[PDB]
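What follows is a short report on a single structure.
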Amino acid sequence: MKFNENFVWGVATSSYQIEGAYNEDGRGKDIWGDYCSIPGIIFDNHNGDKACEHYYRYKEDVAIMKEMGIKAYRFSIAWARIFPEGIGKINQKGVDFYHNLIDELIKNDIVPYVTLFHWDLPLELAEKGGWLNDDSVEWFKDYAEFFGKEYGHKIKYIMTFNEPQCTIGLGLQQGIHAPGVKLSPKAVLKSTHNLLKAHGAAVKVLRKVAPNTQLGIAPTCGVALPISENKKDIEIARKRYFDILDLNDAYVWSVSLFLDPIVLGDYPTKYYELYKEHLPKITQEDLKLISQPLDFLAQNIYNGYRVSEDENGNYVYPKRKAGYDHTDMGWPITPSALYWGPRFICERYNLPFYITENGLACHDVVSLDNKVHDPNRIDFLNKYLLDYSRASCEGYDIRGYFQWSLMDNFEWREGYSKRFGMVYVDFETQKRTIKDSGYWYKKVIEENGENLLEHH
């Protein structure tokens, strides 16, 4: 067919983007709420104080997912809602909420896929240096250990970190994400190393406290795309996809920087040569701690870029055609990224593969008929899933697909100016309206993708 019988169809959210209740029920502050307090940082000075008020309306959101036949729901845990100080005293109302949300998903036949860290680092830990502090490995370990002890018996999928490229790169190297800083290469690489150690420490303890929970991680990157399907152009894209970038570029946006240590046991050789004078102290236990065996690998994939080389072996990036298909972010629409991306990742790491995020922003409106018509989203998803199907038919071990946001939410620096959900959300009334893509997606799950349109 188009997909295997076990293909997991799902949707994805994150805590800070949907939950709201930022200063309620004992929830501590995080780095993004603090980031939003700086005037002019967020579009129109939006923040996540209320967001979609999912903390109060989660029962309606589960029922909306049941109305679409959604069988899996990827979401994240507000670390500051369970540990308002990052470490130490637990916030029982926070633990109670996630029990109630998880139980609500289980009761509605929805498989929870849990992200432990989706960027909302507790502010108390941030003011102790965050990932710069070597104690961050212990902080995240104890945080993971509690969640496994408290929910491991009813959570079968846990991924540690969401897009460390954004937390480390945009957050500490490029000054684009919270906390919004541009630090030394030493600081960024020590931070990178402490995050990878925190991942490994979390995986290790989660195997003792949650021995029946499958463990993974969901990084992100742009997908290098070959200009043709002959052997030489594919190799160029592959080499670029897993390359280590120079220190004068946005070098944290590397697949191998995080996944080679995690899966292969060490940083790439280029890492040690290029970053030599800024390297953190690396022990083989560090590498043995980071390289804990995983059960699956995940990836958030939104778009790709054509890459080739010139006579000097330097990367060449061809222009995009005038008027190319794009989204409300101005991002390009490149469905082949959901083939080459998964293919390259499976060939290098040979792990069961999930797409934990894929979607687009559309300038959606409630039209005069009280409906939300988003045919551009349907076409986007249809084209991307066709190339995803191509990877599964060629034998790559792809296990599922999570369409990014179930509902419109806080799109970080863009605030609420960008809508990624299949459910429209009026952020004043909090009225949820399922978009056309949501009803289309319901049929995609019902028919496991044999319904998808073709002639790509």
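All of the numbers you see were taken from the coordinates with simple rules; none came from a lab. Here the Cβ positions follow ideal geometry from the backbone for every residue, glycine too, while neighbour counts run over all protein chains shown.
Data table
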item	result
Criterion (farther than 19 Å from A201 by Cα and touching a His at 6+ places or on another chain (Cβ under 7 Å)) met by exactly one of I333, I301, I290	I333
From the options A224, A237, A202, residue that is within 19 Å of the chain's Cα centre (by Cα) and assigned to a helix (DSSP H, G or I)	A202
Matching residues in segment 439-456 - criterion: being touching a helix residue (DSSP H, G or I) at 6+ places or on another chain (Cβ under 8 Å) and either crowded, with 23+ Cβ neighbours inside 10 Å or within 14 Å of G69 (Cβ to Cβ) (or both)	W440, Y441, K442, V444, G449, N451
Residue list for segment 347-379, restricted to those being charged (D, E, K, R), within 30 Å of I234 (Cβ to Cβ) and in contact with a strand residue (DSSP E or B) (Cβ under 8 Å, 6 or more places away or on another chain)	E357
Options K66, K93: the member that is in contact (Cβ under 8 Å) with a residue 60 or more places away in the chain and surrounded by fewer than 24 Cβ atoms within 10 Å (Cβ to Cβ)	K93
Residue list for segment 259-316, restricted to those being more than 22 Å from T213 (Cβ to Cβ) and of a type in the set (S, T, Y)	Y267, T269, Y271, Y272, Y275, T283, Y302, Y305, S308, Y315
Number of the exception - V365 against (1) touching a residue at least 12 places away in the same chain (Cβ under 8 Å); (2) surrounded by fewer than 23 Cβ atoms within 10 Å (Cβ to Cβ); (3) aliphatic (A, V, I, L, M)	(1)
Condition met for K319 (assigned to a loop (DSSP other than H, G, I, E, B) and basic (K, R))	yes
Condition met for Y35 (touching a residue at least 40 places away in the same chain (Cβ under 8 Å) and farther than 27 Å from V181 by Cα)	no
Search result, residues across segment 264-286 that are in a helix (DSSP H, G or I) and touching a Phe, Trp or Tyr at 6+ places or on another chain (Cβ under 8 Å)	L264
Lone qualifier among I102, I110, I106, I155 - being of a type in the set (A, V, I, L, M, F, W, C), surrounded by fewer than 16 Cβ atoms within 10 Å (Cβ to Cβ) and at negative phi	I106
Test for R74: is it closer than 15 Å to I18 by Cα and either among the aromatic types (F, W, Y) or touching a strand residue (DSSP E or B) at 6+ places or on another chain (Cβ under 7 Å) (or both)	yes
Tabulated pairs, segment 224-241, first touching a residue at least 60 places away in the same chain (Cβ under 8 Å) and surrounded by fewer than 20 Cβ atoms within 10 Å (Cβ to Cβ), second of a type in the set (G, A, S) and in a helix (DSSP H, G or I), C-beta under 9 angstrom, 6+ apart or interchain	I227/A237
Positions within segment 287-311 being under 30 Å from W331 (Cβ atoms) and part of a loop (DSSP other than H, G, I, E, B), in sequence order	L294, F296, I301, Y302, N303, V307, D310
Among the residues listed as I262, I301, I282, the single one being among the β-branched types (V, I, T), closer than 18 Å to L189 by Cβ and buried (at least 20 other Cβ atoms within 10 Å of the Cβ)	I262
Members of segment 335-356 that are of a type in the set (D, E, K, R) and in contact with an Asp or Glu (Cβ under 8 Å, 6 or more places away or on another chain)	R343
Single residue of segment 329-350 satisfying the filter (in contact with a helix residue (DSSP H, G or I) (Cβ under 7 Å, 6 or more places away or on another chain) and among the hydrophobic types (A, V, I, L, M, F, W, C)) that is surrounded by the fewest Cβ atoms within 10 Å (Cβ to Cβ)	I333
